[PDB]
Structures are given as structure tokens and as C-alpha cells.
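Observations on the model geometry
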Amino acid sequence: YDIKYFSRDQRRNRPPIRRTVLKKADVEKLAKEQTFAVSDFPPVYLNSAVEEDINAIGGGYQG
Amino acid sequence: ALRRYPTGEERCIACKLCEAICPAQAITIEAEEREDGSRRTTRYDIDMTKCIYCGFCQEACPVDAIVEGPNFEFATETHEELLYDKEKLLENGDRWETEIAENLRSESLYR
Amino acid sequence: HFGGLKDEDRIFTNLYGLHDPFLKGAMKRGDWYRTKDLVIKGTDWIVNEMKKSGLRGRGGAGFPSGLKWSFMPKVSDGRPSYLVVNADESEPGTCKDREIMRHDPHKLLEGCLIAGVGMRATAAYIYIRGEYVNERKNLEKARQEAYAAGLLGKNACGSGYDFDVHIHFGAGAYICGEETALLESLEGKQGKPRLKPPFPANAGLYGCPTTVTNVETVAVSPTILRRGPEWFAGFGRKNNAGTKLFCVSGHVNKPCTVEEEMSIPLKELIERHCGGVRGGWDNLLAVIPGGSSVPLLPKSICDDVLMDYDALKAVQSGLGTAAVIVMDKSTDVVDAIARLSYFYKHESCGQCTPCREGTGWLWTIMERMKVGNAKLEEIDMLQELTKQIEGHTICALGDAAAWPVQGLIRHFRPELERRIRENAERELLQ
Amino acid sequence: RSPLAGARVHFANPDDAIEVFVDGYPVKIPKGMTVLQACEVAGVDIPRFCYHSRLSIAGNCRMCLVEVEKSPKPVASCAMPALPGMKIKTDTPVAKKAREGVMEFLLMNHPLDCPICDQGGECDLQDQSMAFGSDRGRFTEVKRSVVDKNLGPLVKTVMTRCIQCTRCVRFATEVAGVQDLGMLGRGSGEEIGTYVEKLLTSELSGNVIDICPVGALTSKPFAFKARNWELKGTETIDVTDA
Amino acid sequence: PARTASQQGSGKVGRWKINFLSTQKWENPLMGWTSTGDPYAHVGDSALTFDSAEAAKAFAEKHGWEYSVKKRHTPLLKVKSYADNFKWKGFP
Amino acid sequence: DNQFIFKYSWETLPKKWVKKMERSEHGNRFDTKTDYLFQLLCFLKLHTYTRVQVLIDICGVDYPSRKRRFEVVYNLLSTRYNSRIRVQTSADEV
Amino acid sequence: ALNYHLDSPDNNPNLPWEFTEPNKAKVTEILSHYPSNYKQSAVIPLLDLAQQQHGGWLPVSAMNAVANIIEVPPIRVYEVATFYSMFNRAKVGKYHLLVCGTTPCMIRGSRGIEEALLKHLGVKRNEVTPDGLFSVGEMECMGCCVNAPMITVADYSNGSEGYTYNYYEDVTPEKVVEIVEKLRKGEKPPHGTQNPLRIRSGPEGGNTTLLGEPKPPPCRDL
Amino acid sequence: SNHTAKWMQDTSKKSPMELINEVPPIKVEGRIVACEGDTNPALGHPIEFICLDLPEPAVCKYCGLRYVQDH
Ligand SMILES: Cc1cc2nc3c(=O)[nH]c(=O)nc-3n(C[C@H](O)[C@H](O)[C@H](O)COP(=O)(O)O)c2cc1C
Ligand code: SF4
Ligand code: SF4
Ligand code: SF4
Ligand code: SF4
Ligand code: SF4
Ligand code: FES
Ligand code: FES
Ligand SMILES: [Zn+2]
């Protein structure tokens with residue numbers, strides 16, 4: 001009994017696309033401003049095998 | 001298959017929602033105003049060699065006119081036999097009306 | 001503090017019609033005294049007197065009459081310009097214009113002349129509702145008497161002003177009370193109100209500049225002009241000042257129409273001139289202060305509320321036509337508001353979508369909730385529908401239909417809660 | 001910001017060009033041209049049911065409501081004249097709520113007969129409901145019903161679908177020149193047509209079905225022959241007249 | 001393609017199409033369907049949509065087939081007013 | 001999500017060939033010139049912090065309106081850093 | 001059925017309708033009351049005059065006659081007569097009884113008055129009695145709300161002359177029955193309020209205002 | 001007639017037009033009806049409201065059943 005679609009219109013309620021034309025001066029400004037640290041590098045998605053028995057999770061029953 | 005109302009009139013108005021949604025375009029329909037002003041289809045054919053048996057028409061029907069019946073053992077020796085039309089669809093609906101009605105009740109519960 | 005007018009300060013001295021309402025009675029009571037001097041004084045002078053008299057529109061809008069008259073074009077263009085006097089009262093609860101026309105018609109005619117002079121109007125049209133036929137006959141006889149005596153026509157008085165007054169009657173439509181709908185009906189079309197990019201002061205009755213003014217304001221114009229704007233501003237308080245005649249109706253002991261000073265307490269108005277509520281003040285449940293347009297008020301607010309434009313607007317309500325309809329504990333306010341919604345649905349013109357369909361939806365919802373066949377979220381939806389109808393409709397009749405339901409939801413919500421819960425319990429039992 | 005439908009503005013004189021703001025972007029507009037056409041020049045279209053460019057202006061549907069700054073109530077775009085330095089907005093919550101409410105009120109009494117309605121895929125009520133209106137319906141009570149009218153061998157009338165926009169009442173008055181159609185009645189139930197049995201007869205009578213947004217007036221020879229999406233349209237000229 | 005006369009929406013205008021004039025459709029003897037023999041029966045109306053007439057001309061010149069551009073017709077906006085809707089007739 | 005190596009690339013990648021970039025939740029997008037696409041993909045595949053060492057696919061899109069109708073799109077994945085990247089260029093028939 | 005014309009051996013366009021001589025004089029006066037080029041403004045008075053002359057209802061013949069007089073297409077007159085409530089387009093009795101029913105009267109006994117009328121006459125809403133003397137209905141608020149429940153009697157017996165749209169206020173069901181009996185017998189009851197203890201639109205018993213003799217205002221120097 | 005012979009060639013069984021003409025009109029007390037197709041609204045057609053002011057029977061336009069007002 002509280003139909004109101006302009007608030008739950010998930011299809012059309014999106015912000016407009018923003019465009020910025022960066023020139024040579026802006027590119028040089030960003031290049032000089034930016035710097036790299038040991039903590040700013042992308043994190044690694046690391047994973048490894050464990051060699052775990054089949055009956056280890058819940059005794060093989062729980063599922 | 002095509003059904004009918006309990007009175008006996010065709011259940012299918014010519015809304016043309018069948019071929020608007022039929023992904024394989026296996027349904028062709030033409031219509032005109034009847035003698036008493038009712039909107040009825042004067043031509044309604046379905047290719048059983050082009051139908052992908054997907055049920056889009058039977059769920060797009062506003063009046064539950066077209067239904068994909070429970071029958072599946074209708075293998076024919078000729079492609080022309082497999083090319084259905086309105087009279088064959090209507091006689092299929094009349095023949096399988098009771099089972100189609102039972103299935104339609106059970107599934108209209110699930111809707 | 002306010003109220004208790006004396007017979008000398010009362011404007012409509014023949015309200016109950018105990019004396020002769022014709023020309024001889026009018027002259028005896030003090031009508032057409034110095035109309036020649038008033039017309040000679042000047043249009044700008046009349047407009048200034050109205051502006052500084054504090055007079056406000058008595059038809060419900062409450063707009064200042066002086067400013068509304070000054071909105072007319074000063075330079076006489078090719079178009080003749082017109083005065084129109086709204087005698088078409090159909091809002092439930094109010095019958096003041098009926099008494100004014102029936103018992104003081106010469107006051108109305110002199111007011112038409114004065115307003116036309118002050119607004120540079122060539123002619124005046126008095127739009128009587130079709131139901132009033134005896135009042136129309138009385139006003140016709142008064143107009144013929146005035147024309148024979150020379151009070152109207154080519155020479156209204158010793159002044160050289162040209163003024164002609166005609167009266168046109170409707171055919172039983174509530175929308176025809178609206179200004180633009182009334183102009184359309186007077187044109188001979190259906191009583192469908194216009195929009196408001198063209199104001200009536202620019203393109204009105206026939207595309208000519210016309211001004212639509214209420215009977216009470218136009219009739220009290222000559223009296224306040226003759227007695228001084230200071231005298232009129234003495235009564236009442238602040239902006240809303242003067243003498244207003246209230247029709248007290250409903251479950252009161254002796255319902256009556258009485259002219260009283262503005263800003264009188266509602267309780268004092270009810271229990272001094274009318275007589276009081278049927279079973280005492282404690283028996284009072286809800287009062288609609290104006291006509292059916294404005295939202296109602298419970299007993300709690302009516303204890304101290306003041307009958308004027310501002311206090312009734314300080315609370316979520318309005319003065320409107322200042323015709324109070326009272327309801328004691330015996331009746332059911334839900335059924336009363338359901339009947340009001342039915343009236344509004346019946347009387348909507350049906351040109352604009354939110355009022356053509358929304359009024360019917362409100363009536364059906366109110367009929368359902370009278371028995372109790374509704375839900376809590378359905379009363380919330382009713383409030384939402386009221387809000388949807390209110391601001392998106394061509395004229396103020398959409399507001400007039402939305403307001404009573406909104407007020408009932410705001411004030412008497414627990415009654416609806418109890419009715420819905422009781423009906424749910426009965427349905428579960430059955 | 002090209003004008004809507006590539007439309008070209010007609011300036012009576014270059015001196016008269018007021019600068020009106022639509023959705024933040026200002027545009028130049030003639031003096032007397034309304035807010036709806038101002039936004040059309042700006043490039044945004046507003047839903048409309050009782051407005052036709054050739055016909056007159058009426059606020060029958062009350063759906064072209066936009067929020068103009070310094071105004072308590074939503075204003076009708078098709079009727080409010082554009083003033084200099086006026087800030088018009090169409091994507092505000094006020095305008096969206098107004099459109100949704102007006103669509104709900106329009107659809108509360110519309111019959112559930114779109115599949116038999118010949119305006120399937122070309123019905124302004126359907127497209128505007130799917131674009132601006134809500135996806136649900138709060139109405140479940142008794143609808144209204146209207147008996148059909150016989151208006152000749154060309155116009156088939158289903159008056160249950162009529163939204164009473166008076167677009168055809170004033171079409172016969174202004175363009176056709178024969179005053180037979182009319183809005184008669186008062187309130188929620190008001191019918192349209194002729195009081196007496198009067199078949200509408202005019203050379204331009206075929207245009208009445210064209211301007212009807214809903215499937216109220218339809219071509220009788222093309223009653224139920226085909227839908228819109230099926231038909232392929234070729235732009236040609238006529239040879240019956242000169 | 002011009003705006004449809006049935007409805008006033010203007011979101012399907014401004015696009016340009018190549019109209020392969022392929023009208024060689026007949027009726028199937030067996031089932032009465034609309035047969036064809038031209039590969040370009042529906043591609044121009046279905047898949048080929050161009051941003052502008054210049055783009056359509058460039059495509060036609062690139063692909064070599066002769067073309068003829070049809071001038072598109074555009075509505076003209078004129079001032080309308082509800083005040084002019086209520087005009088005053090002259091004296092009798 | 002995982003817009004880490006995309007930003008790191010734009011920080012470290014030479015700016016000569018980055019014709020345009022798009023930061024989207026539908027997929028980070030690089031659009032470059034056809035001359036430098038091989039060098040750009042070689043940099044991304046070999047760099048230690050943008051290791052998109054698996055090529056998901058190559059797609060084509062037809063845009064008849066544009067002068068260069070064909071759009072060649074490369075969807076790449078970095079399993080070491082767990083993120084998808086997109087690099088596209090424009091090519092015509094000849 | 002109430003917003004379109006269904007042909008009957010009466011009330012069809014083939015029958016001719018025209019005003020009598022006094023009605024023609026009244027039509028001339030009404031037209032003279034309005035500008036010559038705006039004679040359509042007189043459609044409501046002309047329709048009212050036609051309704052009084054034709055026994056209380058407007059036939060399509062009178063509709064067309066009025067449209068011809070005001071020089072407009074008949075559809076405009078049809079619209080005008082259909083829009084307004086007072087214009088009856090179906091046959092009613094010689095006496096049209098109308099009850100209010102609107103809330104200020106409904107909370108005072110309007111529903112009881114209407115049900116008493118229905119029981120006494122034996123007919124339902126908007127249905128003429130089988131004899132044809134009476135026809136009872138209701139409509140929206142009709143003024144004099146403060147004067148208790150009320151009924152209006154439209155008297156279409158003598159025609160255009162002798163037509164009375166009389167009011168009857170402060171009525172009880174017994175008083176309404178008595179008024180109906182008097183109207184059926186042929187004596188015209190005194191219209192107005194029915195309470196002998198009050199003045200028209202005044203408090204019951206003595207008045208509380210305007211007790212003294214009215215005097216001219218002191219006035220103002222002008 | 002022509003339409004029935006156009007979509008059907010059996011010309012031995014009863015066409016739906018004849019059956020729907022043979023089913024009698026349905027007399028209803030009220031001025032408006034709700035036409036649903038059968039006893040189960042969910043298994044019929046979209047609800048159609050029919051006005052019955054005209055003397056002649058009114059076809060439902062869905063499952064046409066010719067409802068007629070009582071009096
Ligand atoms: C639904 C509705 C009912 C109205 N009823 C009346 C009425 O009974 N009397 C009246 O004078 N004006 C009526 N009007 C019009 C306004 O009151 C209008 O402001 C008035 O004609 C002129 O204002 P005034 O009070 O300054 O004279 C109505 C308007 C609407 C929208
Ligand atoms: S079930 Fe068959 S006929 Fe129906 S939509 Fe699917 S493919 Fe088409
Ligand atoms: S969807 Fe149903 S009613 Fe419509 S054409 Fe198909 S079978 Fe007929
Ligand atoms: S708000 Fe709309 S429907 Fe209501 S009376 Fe006014 S114009 Fe007519
Ligand atoms: S015009 Fe109305 S009845 Fe026809 S398909 Fe559109 S929304 Fe439905
Ligand atoms: S019939 Fe169509 S064009 Fe005419 S008023 Fe109704 S909806 Fe509008
Ligand atoms: S199009 Fe403007 S109100 Fe209808
Ligand atoms: S409420 Fe009955 S006369 Fe006004
Ligand atoms: Zn049905």
C-alpha cells in the first residue's frame with residue numbers, strides 16, 4: 001500500500017557518467033606529485049595447498 | 001495446444017502475444033473482427049519443427065488460451081504433418097482439456 | 001476579548017428579515033445615503049479605503065479585497081471590464097449569502113455599484129445559484145426598484161458613472177462557485193474552471209478584465225466606506241479584522257446565523273448566541289470551523305481556538321466561509337466525513353485527472369472505512385492519496401476534497417484503528 | 001543540446017529571446033512559448049496526454065507537471081508560459097511523484113483490456129506508464145464501465161478506455177470544423193460523443209482516431225487485423241488527391 | 001524514419017536507416033507464409049542503424065550501392081498561449 | 001571491484017598510448033591505439049605488479065556509424081592479484 | 001442511460017418544440033440581458049424556461065430549439081444540460097421532492113426524512129410514482145443548512161407560470177408527510193421554515209441579535 | 001460465417017460462435033458486473049467491468065457472456 005517507484009527505480013537511478021580530458025600539463029603534474037611506497041603496491045591474492053584429509057571437515061558427515 | 005472457455009467459445013483473443021515473445025518465431029497469427037464483433041483469430045499456425053518447446057507463449061497468454069499440453073508422443077512421418085494450424089491446435093485442446101485443466105489448476109497454485 | 005457586537009455596530013441589520021427588505025426599508029435602514037458622493041470621491045480613493053480598511057475576502061480565500069480590486073487595469077482599454085458577484089454558494093454549512101440576498105438586496109446592489117466604480121467596471125453580473133429562486137425573485141424586484149428610482153443605469157446617482165447590473169442564475173453546480181468556473185458558466189459553457197496563467201483581472205468573463213468578488217465583501221463595502229475604515233479595523237485583531245456572519249449548525253441546541261466580531265472564541269460563539277452543544281460542552285466531539293472544505297478540529301482545540309483567519313490557520317485548518325458545523329459524541333465523524341467525500345465526488349467537474357478519479361477513490365475508501373473494512377496500511381495509503389490529490393489539481397476543489405480526509409486521519413485516527421480492528425475480529429470470528 | 005525531435009524554433013524577431021533555465025542548462029526561447037516547449041527546445045520531453053501541438057492547450061490530464069523554482073505547487077508545462085530567468089526542473093522527486101500519482105489515477109479506472117485493445121505497443125498510456133508510472137496498483141475496488149458508441153463505419157469506440165483528455169472534443173471544434181463530439185457529464189463518470197445518435201461525418205474524421213492516446217477511438221476497418229510491431233512502414237505520398 | 005502518428009513520443013526519431021527497397025514477397029503455397037528471396041529483406045530495418053545521414057552516406061559510398069537521401073521533415077515550434085485560447089470577440 | 005592494479009598501471013604505465021581510461025563497476029577499461037597495443041599488453045603481462053598473464057578472450061564489436069567501425073576488445077585476467085582488465089582498440093576493414 | 005439519448009415515441013428530435021408567446025417574450029428579454037455576439041451566455045436561462053414549460057423535463061426537441069435560438073451547435077446545449085444537476089432530462093412527476101442528505105442535514109435527520117418519503121410514496125430514488133404526481137430524489141447542499149433538514153418542492157403543474165421551487169425547512173418526517181398530502185390534495189403549503197418558535201434562519205425562541213429598531217449609521221466629513 | 005469458414009473447414013461440429021450464441025444471457029441485479037471467465041478468477045481472463053444501461057445484452061469482449069440487467 002506504499003507504492004513509490006522513483007525511490008526503488010534501481011535501473012535508472014544512477015549517477016551520470018563523468019568525463020575529464022587530461023592534457024600534457026595535467027599528466028606531468030600527476031606524474032611529479034605521485035610517488036610509490038611499500039604499502040601502496042597492490043595486494044597479492046595468495047593461496048596454497050594444505051593436503052588435508054577428506055574426513056577432516058565435520059568427520060565427513062556434516063556436508 | 002489451444003483451449004476453450006467452459007461455454008464453448010475460443011479462449012484465444014487475437015492479442016498476438018504468442019509470436020511477440022516466441023523466440024524461434026514458430027507462431028504465425030492473422031485475425032479480423034468476427035460476425036458478432038468479437039476479436040478472434042482467423043488464422044493461427046505453429047511449426048512443431050521450429051517450436052523449441054519453451055513455454056514462453058503459454059506464460060505470456062493473458063487468458064491462458066495457448067498451453068503446452070502434457071502430450072509428447074506425437075511423432076509424425078511428414079514435416080507437413082508436423083506443421084500445425086488453428087484447427088489441429090483446437091482439437092488437441094479439446095481432446096486433452098481435462099488433463100490440461102488439472103495441470104493448469106495445479107500450476108496456477110504455483111503462480 | 002473579542003466579540004459581543006452591538007446592534008449599531010452590526011452591518012446586516014435585517015439579517016432575519018423582520019423589516020421591509022425593499023427600497024423603502026433600505027432607505028429607512030440607511031442604504032443609498034451618499035452613493036453619489038462616494039462615486040464622485042474617486043476610484044483610487046475607494047481602492048485606498050478598501051486597502052486600509054483591512055477587509056479580506058469572505059468567500060473562503062481570504063485575499064485582501066482592496067488589493068484584489070487594485071489588481072484591475074487603471075487605463076481603460078478597448079475591453080469594457082466587468083464585475084462579477086459570487087452569489088453561488090453551495091459549500092455545505094454556509095447560507096450567509098442566501099440571507100443577504102433575501103433580506104438586504106439593496107445593500108448588495110449598492111455594493112455592486114461601489115465595487116464597479118472602484119474597479120472601473122462597465123457592468124456587473126450577480127451569479128445566483130440556481131437553487132435560490134425566491135432569493136432571485138427578491139433580488140430581481142430590488143433591481144427593478146433601483147432602476148426605477150434611478151440608483152442604477154446611465155446615471156447611477158448625481159454622478160455621471162455608467163453602470164448596469166444584471167443577474168444570472170446557475171443550474172445547481174458546486175464547482176460553479178469557483179471564479180473561473182463561474183466565468184465559464186456565465187459564458188454559457190460547462191462549469192469547468194480554467195487554469196491560472198491568465199488571471200481573471202487580465203482575461204476573465206469574455207476575455208475582458210473581470211473581478212470576482214463575494215456577496216458578503218461586496219455588500220459590506222458601502223457600509224465600511226460610509227462608516228470609516230478605522231471603524232471596521234477596530235473589530236477583530238491584526239490583519240483579519242471586521243464583522244463576519246457565522247452560521248452555527250449541526251448538533252447545537254438552536255442552530256442560527258449571527259453576525260459577530262472577527263476573532264471571537266469558537267466556544268464563546270457557540271454558547272452565547274447559538275445556545276451551545278446539545279449535551280453541554282463536554283458532549284462536543286468535533287467542529288468543522290468553515291465549510292466542508294477546511295479540515296475539522298477536535299474538542300480539545302475548540303476550547304481555545306479563535307474564529308478568524310489566522311488562529312484557524314495557526315492550527316491546521318482554515319476559516320473558509322466561517323460556517324461552523326458541530327458534531328457531538330452521538331454521531332460518527334467517520335460517516336460524516338464519508339458523506340462529505342461523497343458530496344465532493346458528486347460535485348467535482350471531472351476535467352482534471354487527480355480530482356475526477358481521486359475523489360471517487362476517496363469516497364470508496366471512506367465508505368470501506370466507515371464499516372471498518374480496511375487496513376492500517378490502507379489508512380496510510382488514504383493519507384498518501386490525499387497528498388497526491390491536493391497539489392496537482394486544476395482548482396481548489398481538489399484541496400477542498402483532500403482536506404477533510406486529511407484532518408480526520410490527523411485527529412480521529414484511533415477511531416479508524418478501533419473500527420478496523422473490530423471488523424478484523426468479527427471477520428475472524430465469522 | 002539539440003531540440004527534441006530535431007525541432008527548429010521559429011523566432012518572430014531575434015530581439016525577443018529570453019533565457020530560461022531547464023534542468024540547469026539555459027536555453028533561448030521566444031516570449032510567449034510555454035514551459036513544455038521550453039523543455040522541448042532544451043531537449044527533454046515531458047509526458048503528456050491532453051496536449052497536442054496543433055490543438056489548443058488544456059490541463060485535462062495534469063501529468064506534464066514540472067517543478068519551477070519559487071513556486072509552491074507543480075505547474076502544468078503545457079499551459080504555464082515561460083518567464084525570463086525561470087528555473088525549470090523535470091527530474092526532481094516532486095515531479096516524479098506527481099507523474100506517478102497522475103498515472104495511478106489515470107490507471108485506477110482504465111479497463112484491463114490491453115490484449116484486445118488495438119493500441120498494443122502504440123498506446124501512450126502503456127509507454128508512459130512503463131516510463132514514468134509505478135510498477136504496481138493499489139486499486140482493487142469496482143472500476144467504472146461505459147457503453148460503446150456508434151460513430152460511423154470508420155471510428156470504432158470503446159469508451160471504457162477513454163481517459164477524458166478532450167483532445168478529440170476540441171479537434172472536431174478547431175480542425176475538423178464540425179462540432180458533434182463533446183464531453184457530456186460531470187464527475188468521475190462523464191461520457192464523450194453525441195447526445196443523439198449522430199454518426200460523425202467529415203473529411204478529416206479519420207484523424208480523430210490518430211490523436212486518441214488510448215485505444216478508445218480506433219480504425220474500424222483495421223479493427224483487429226494486426227498489431228504495430230508486425231507492420232513495416234514505408235514513407236510514401238498519396239495520389240487520391242492533388 | 002518519422003515519428004509514429006499514433007503516439008507523441010520523440011525517442012525513436014533522429015535515427016537514420018538504409019531502405020533496401022526489397023519488395024519481392026509472395027505467399028507460400030503450402031502454408032500461406034510470406035516467402036522472400038532477397039537477403040536484404042529486413043537487415044536495413046533491423047540491424048543497420050546509423051547515427052546521422054552523413055554516416056549513412058559514408059557507409060553507402062563505402063559499400064558501393066547507389067543511394068538517394070530523402071529529406072527528413074521537422075516540426076516547427078510556434079508560440080501558444082492559454083490566454084490566446086481565451087480571446088475576446090469584438091463588439092456586436 | 002579490485003581496482004588496485006588498474007590504478008597502479010595508470011600510475012606506472014607510459015602515458016603515450018593511454019588514449020582513454022574508464023573506471024567502472026562493469027569492468028575497468030583501457031582504450032589505446034592499434035600501434036601500441038602489443039607493447040601495452042607486453043608491459044602488463046610481464047610487470048611484476050600487474051601480472052595479467054592469462055588472456056580471457058578477444059572480441060569484436062561492429063559500429064557502422066564510426067569511421068573505424070570495428071572495435072577489438074581484449075579481456076585479460078590477473079590471477080596473482082585477482083582482477084580483470086579490458087584493453088580495446090579501433091580498427092577498420094582494411 | 002443518463003448521459004445519452006435513447007429514442008422513444010416522446011422525446012425524440014422528430015417532434016417539434018417551440019416556446020409559447022409569453023415564453024418567447026421571456027426569451028427575448030433574456031437574450032437582451034446579454035451582448036448580441038455572446039448570446040450563448042443565455043443557454044442556462046433558456047433551458048430553465050424550456051424545462052418549466054415542458055412539465056419539468058428537457059426533451060431533445062427543446063434542447064435543439066434552445067441551441068437554434070442561441071445559434072450554437074446542439075452538442076453545446078447537450079453538454080450544458082447534462083453537466084448541471086437542476087436540468088432534468090427524464091420524465092419526472094408534477095411535484096419533484098428533493099431531500100438534502102449532505103452532512104449538516106444528515107446529522108440532523110435527512111436520511112430519516114428521505115426514508116419516510118420513500119415509504120409513504122412507495123417508490124424508490126428518481127422514480128416517479130405510478131400515478132405520476134410525485135417524484136422524490138436527493139441532491140447536494142442547497143443552502144439553509146442551519147435550518148435543520150429540509151426538502152425542496154419543484155412544482156411543474158401549471159407550467160412556466162405558477163412554477164415554484166419552494167423550500168421547506170426544519171421539517172420532521174410527519175411534517176414532510178403532511179406537506180406531501182397537501183400537495184397531492186392540491187393546496188399549496190406555506191414555504192419556508194416549519195418551526196413556529198423561530199424566525200427564518202434565526203435562533204429558536206427569541207432572537208439574540210438585532211433586538212432594537214435598526215437606525216442609519218452615524219456616517220462620515222465626506 | 002465467412003470468418004468461421006476461413007479458419008475452420010470441418011463444417012460438421014458446432015463452431016464456437018454458435019455455442020456462445022446458444023448460451024443464454026446472464027441476468028444480474030446490479031448496474032455493473034465483473035466478468036472473469038469462470039469460477040476461478042486466476043484461471044479465467046483479466047477482469048472486465050461491463051456497463052448495462054443499454055437495453056440490449058452487453059458482450060463481455062472476453063469470454064463473451066451477454067450480461068443483462070435485471071430490471
Ligand atoms: C470548490 C470551490 C467552492 C467555492 N465556493 C464558493 C462560494 O460558495 N462562494 C464564493 O463566493 N466563492 C466560492 N468559491 C470561489 C472563491 O471563494 C473565490 O476566492 C471567490 O469567488 C472570490 O474571493 P473573495 O472572497 O475575495 O470574494 C469557491 C471556489 C472553489 C474552488
Ligand atoms: S513454447 Fe514453442 S510456440 Fe511457445 S514461445 Fe516457446 S518456442 Fe514458441
Ligand atoms: S497469447 Fe493467448 S490470447 Fe494471445 S494470441 Fe496467444 S493464445 Fe491467443
Ligand atoms: S480540482 Fe479538477 S476535477 Fe476538481 S472541480 Fe476543480 S478542475 Fe474539476
Ligand atoms: S491504451 Fe489502455 S487499454 Fe490499450 S493497451 Fe494501452 S494501457 Fe491498455
Ligand atoms: S476519446 Fe481519446 S482523444 Fe477523446 S477525450 Fe477520450 S482519450 Fe482523449
Ligand atoms: S498535457 Fe499538460 S496537463 Fe495534460
Ligand atoms: S447541508 Fe443540507 S442544506 Fe446544506
Ligand atoms: Zn469475460
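Structure determination for this PDB entry was carried out by cryo-EM, with a resolution of 3.2 Å recorded in the header.

Identification of chain H as NDUS6 from Vigna radiata is taken from the PDB entry.

Naming follows the PDB entry, where chain A appears as NDUA7 of Vigna radiata.

With that out of the way, let us pick up the overall build of chain A. For chain A, the count of helices and strands is two helices and zero strands. Relative to the globule expectation of 11 Å for 63 residues, the C-alpha radius of gyration of chain A, 26 Å, shows a markedly less compact shape. Dimensions of chain A, computed from the C-alpha atoms along their principal axes, are close to 65 × 55 × 15 Å. Per-residue burial over chain A gives 6% buried out of 63 residues. Accessible surface, chain A as shown: approximately 6300 Å² in total, 54% of it carbon and sulfur.

On to the UniProt feature "binding site: Zn(2+)" (unreviewed entry) in chain H, then. This chain's UniProt record puts "binding site: Zn(2+)" (unreviewed entry) on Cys35(H), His45(H), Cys60(H), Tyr62(H) and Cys63(H). A stretch of 29 residues holds the annotated residues, and the largest C-alpha distance among them is 10.7 Å, short enough that they meet in one place. Structurally, the position occupied by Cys35(H) is in strand 2 (residues 32-35). Excluding its chain neighbours within four sequence positions, the residues that come into contact with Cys35(H) are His45(H), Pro46(H), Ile47(H), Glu48(H), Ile50(H), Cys60(H), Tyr62(H), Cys63(H) and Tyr67(H). One can find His45(H) in the loop between strand 2 and strand 3 (48-51). In this view, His45(H) contacts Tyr5(B), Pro62(B), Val63(B), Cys35(H), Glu36(H), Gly37(H), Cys60(H), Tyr62(H) and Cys63(H); residues no more than four positions away in its chain are not counted.

Moving on, we get to the site of ligand 3. Taken together, 14 residues lie around ligand 3, and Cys12(B), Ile13(B), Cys15(B), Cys18(B) and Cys61(B) are the ones closest in. Split by residue class, the shell around ligand 3 holds 13 nonpolar, no polar and one charged.

Okay, the sheet that holds strand 4 (residues 151-155) of chain G next. All names here are of chain G. Overall, mixed pairing links the six strands, which are arranged 2-3-1-4-5-6 in an open sheet. Of all the strands in the sheet, just strand 2 (127-128) and strand 6 (192-193) have a single pairing partner and so form its edges. In terms of strand pairing, strand 1 (residues 95-99) meets strand 3 (residues 134-138) through five bridges, oriented parallel. In the sheet register, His96 faces strand 3, and the bridge partner there is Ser135.

Residue and element names in this part refer to chain H. Each protein donor to the zinc ion (ligand 9) is listed here as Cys35 (SG), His45 (NE2), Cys60 (SG), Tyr62 (O) and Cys63 (SG); together their distances run 2.0 to 2.3 Å. Summarised as a motif, the one-chain spacing of the donors to the zinc ion (ligand 9) is C-x9-H-x14-C-x1-Y-C. With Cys35 in strand 2 and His45 in the loop between strand 2 and strand 3, this residue pair connects regions lying ten residues apart in the sequence. The buried category is assigned to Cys35, whose relative accessible area is 0%. With a relative accessible area of 4%, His45 lands in the buried category.

The next subject is the sheet that holds strand 5 (residues 83-91) of chain F. All names here are of chain F. Pairing is mixed in the open sheet, where five strands are placed in the order 1-2-5-4-3. A strand with exactly one partner marks an edge of an open sheet, and here the two such strands are strand 1 (20-22) and strand 3 (54-62). Each neighbouring strand pair of the sheet contributes to a mean axis angle of 20°, computed without reference to strand direction. Relative to strand 2 (residues 29-31), strand 1 runs antiparallel, the two sharing three bridges.

What counts as what
- Residues numbered from 1 in each chain as written, not as in the entry; some residues may be left out.
- Chains lettered and ligands numbered in written order.
- Part of a larger assembly, values for the part shown.
- Heavy atoms only, no water.
- Residues with missing side-chain atoms left out of burial classes, pairs and counts.
- Helix = DSSP H or I, 4+ residues; strand = E, 2+ residues; numbered from the N terminus.
- Rg over C-alpha atoms; globule rule 2.2 N^0.38 Å.
- Buried < 20%, exposed > 50% of the residue type's maximum accessible area, 1.4 Å probe, protein only.
- Areas by Shrake-Rupley, 256 points an atom, 1.4 Å probe, with all protein chains shown as cover.
- UniProt positions renumbered as here; feature names shortened; annotations may be inferred.
- Contact = heavy atoms within 4.5 Å.
- Near = heavy atom within 4 Å.
- Nonpolar A, V, L, I, M, F, W, Y, C, P; charged D, E, K, R; others polar.
- Pairing = 2+ DSSP bridges.
- Donors = N, O, S within 2.8 Å, 3.2 Å for Na, K, Ca; no water.
- Axes fitted to C-alpha atoms, helices over the stretch in contact; angles between N-to-C directions.

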